[PDB]
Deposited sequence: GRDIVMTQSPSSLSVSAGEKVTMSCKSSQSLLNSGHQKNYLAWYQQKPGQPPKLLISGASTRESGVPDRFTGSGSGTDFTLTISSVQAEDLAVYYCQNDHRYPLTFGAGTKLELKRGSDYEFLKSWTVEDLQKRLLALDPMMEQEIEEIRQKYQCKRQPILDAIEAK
């Protein structure tokens, strides 16, 4: 039963910096008859489902910029961003796409640290990215408090 480990957990960044996340699997993801490592990478922004960036260890999906390069083999894989842009500030997951049960890494969060080195559009996108980020935490508060109200409500009308 395969176990996925990513590193690092978090990662401060900056404009145009190159980043490298590691993904290591407890067992080979190499299907030798298919001549293919069945490792996949996902990008998840708060509020949205995960999005496939790379399948089969190295294959970028449509709409994924060349800045994202997957590499590796067997049990050791990396995902590399040549020039980091603001839209890349997400959480990244690798996935065993090879054997049942399919398993996921815990993630690698590209938390930016601390700015004039960014373009105007990069600072605008990061600002617009904080709103769905905030909404996630807030929406969770509303969930917790929506439960506490239910037995109270039912008890009033018995």
Item to complete: Spell out the unmodelled ranges of the deposited sequence for me, N- to C-terminal, numbering from the first residue.
Response: 1 to 2, 117 to 122, 167
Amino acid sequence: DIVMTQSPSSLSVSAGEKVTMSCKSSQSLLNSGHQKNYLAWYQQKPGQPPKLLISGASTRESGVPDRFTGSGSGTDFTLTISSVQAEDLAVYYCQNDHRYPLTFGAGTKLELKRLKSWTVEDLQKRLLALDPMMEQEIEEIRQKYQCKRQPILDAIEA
From here on, numbers count along this sequence of modelled residues.
Worksheet item: Once you work out the mean C-alpha B-factor for both 62 to 70 and 94 to 102 from the entry, which is higher?
Response: 62 to 70
Worksheet item: Got a sec? Mean C-alpha B-factor, which is higher, 36 to 44 or 118 to 126?
Response: 118 to 126
Item to complete: Please pick out which of 53, 112, 30, 57 has the largest Cα B-factor as recorded in the entry.
Response: 112
